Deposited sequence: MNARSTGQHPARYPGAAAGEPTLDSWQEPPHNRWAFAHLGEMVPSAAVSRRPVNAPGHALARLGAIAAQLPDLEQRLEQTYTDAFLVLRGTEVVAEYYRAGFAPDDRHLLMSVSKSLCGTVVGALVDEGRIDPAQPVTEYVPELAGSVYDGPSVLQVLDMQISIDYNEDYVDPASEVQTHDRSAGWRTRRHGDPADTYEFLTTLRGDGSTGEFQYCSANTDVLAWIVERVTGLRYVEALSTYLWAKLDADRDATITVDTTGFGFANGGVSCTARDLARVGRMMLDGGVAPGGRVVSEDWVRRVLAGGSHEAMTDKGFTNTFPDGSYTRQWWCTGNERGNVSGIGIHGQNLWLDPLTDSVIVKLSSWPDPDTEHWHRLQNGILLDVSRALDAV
C-alpha cells in the first residue's frame, strides 16, 4: 500500500474516478468539468505557417542566430533581460502563446514548490523521506534525507536503457501513463516508486527522475493538496502568468512532477525572473532569499561525476533540482531532454528560455550546439 493520497475532488474515494467510472455519480460532477484529466483531448481553436523571428539587438552580435536555432530544432526561444523581452523566436507552426512540454525542466519547478514549503517550515530537508512518506520504508528511499532527494545524491538501481521494457526508465513511463501499460506493471507512480532499490550508498550524484516524483509525493503528504494544485498554489498562481500551465497526470490524478509540465516560453521565463528577484514573484514570495542563494551557489562538486555535464562544465554541480554550471558567469539552468532549458544569467539579470524538439533526447552533439547558443547569447547581453 502507498497510503493516503489527495482526493481527485472533495469526498472522492481513493483512486476515483477511473476511465471506467467517470460518467457515474458522484464522480461525474467533477469529471464533466475536467474531462481532459481522464481522456486525451484536443483544443478547438477560437482563432482562425511562418517562423517568427524578433531577435532584437543581439542579432547584431549573433548574425547566424536564427539558423543556429533551426539547427537545434528550436520551437520557442525567448530572452528576458530584467523585466523586458529583448528577443523572441518561434518556429513555423508554433504560436507565441502555444504551450510546450518542459520535460525535466519540470523538476526545477517541483524543487521550487518544495522550497516554498521549506520557507514555511513545513518541510525540513534534513529529515528522512520516511518522516513524510512512511510508506517508502523498505525502498531505496528508506534512509536518505529529503535534501539528498533534492540534490539527487542517492544510489538507485534504475536502468536508463529505455528500449528495454524491463528498464526502470520505461516502467516509470508506463506506470504514469506516458506509455502503454504492460501486464504486471505498478498501478500508479506511487507504487512504482516503492519498488525501487539501491545498495544504500549516498553522496554521489545520480540523475534519476524517480527522485522528483518522491518530492511531489512529499509535497502532497505535507499539504494535503494534489501536486497539480500545489504546483499552482505555491508557484504558478503567483507568477502573473498569461496562461495556465498543464501537467500530465497518472490514473490516480498524480501529476508527472519529474517531466510532464507544459507552458508558454514567456510564462516559463517568469519562473527565472522570480529566481533572479531573490525568490519573489508578482503574487508574493515563492521561496526564501536563502533558497535562491543556495541554488546559485551550487551543490557539492565532488558529488558531481557526470561527465556528460563536467566535460563542458568542469566545476559544475547539482542542487535542489537545478544544474549549476560553475562557469565564470555562474550560470544555472533547468534542463530537459530534447533541448529544453530554463537558463539563468545573473550577471546580466537575464533569463533565457529555449524549448526544442531534438530528434534525440540526449547526445554530446546536441548539448554542445545548445550550450554554445546559450553562452553566446548570455555574453551578447554583457555591457560593452
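In sequence order, the gaps in C-alpha coverage of the deposited chain fall at 1 to 4, 53 to 56.
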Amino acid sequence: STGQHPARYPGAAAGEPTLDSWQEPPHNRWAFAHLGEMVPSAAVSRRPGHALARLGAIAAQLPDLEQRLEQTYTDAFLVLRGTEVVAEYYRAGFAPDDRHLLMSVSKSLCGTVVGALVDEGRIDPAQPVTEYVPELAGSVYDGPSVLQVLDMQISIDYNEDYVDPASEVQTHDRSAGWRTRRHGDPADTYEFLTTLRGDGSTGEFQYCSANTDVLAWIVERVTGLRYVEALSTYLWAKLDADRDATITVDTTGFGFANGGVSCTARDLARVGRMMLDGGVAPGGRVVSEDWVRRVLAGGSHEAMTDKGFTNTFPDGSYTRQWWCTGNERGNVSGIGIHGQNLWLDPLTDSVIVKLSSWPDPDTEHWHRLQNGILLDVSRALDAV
From here on, numbers count along this sequence of modelled residues.
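The mean Cα B-factor in the deposited entry runs higher for 59 to 67 than for the other of 23 to 31 and 59 to 67.
Just going by the entry, 131 to 139 versus 222 to 230 on mean CA temperature factor gives the higher value to 131 to 139. Comparing the C-alpha B-factors of 250, 242, 119, 151 in the entry, the top value falls on 119. The residue among 54, 329, 46, 338 whose C-alpha carries the highest B-factor in the deposited model is 54. Sort the chain's modelled residues by C-alpha temperature factor and residue 254 lands in the lowest third, per the entry. When the modelled residues of the chain are ordered by C-alpha B-factor, residue 172 sits in the middle third.
Placement of the Cα temperature factor of residue 278 within the chain: middle third of the modelled residues, per the deposited record. Compared with the other modelled residues of the chain, the Cα B-factor recorded for residue 311 ranks in the highest third. When the modelled residues of the chain are ordered by their C-alpha B factor, residue 334 lands in the lowest third.
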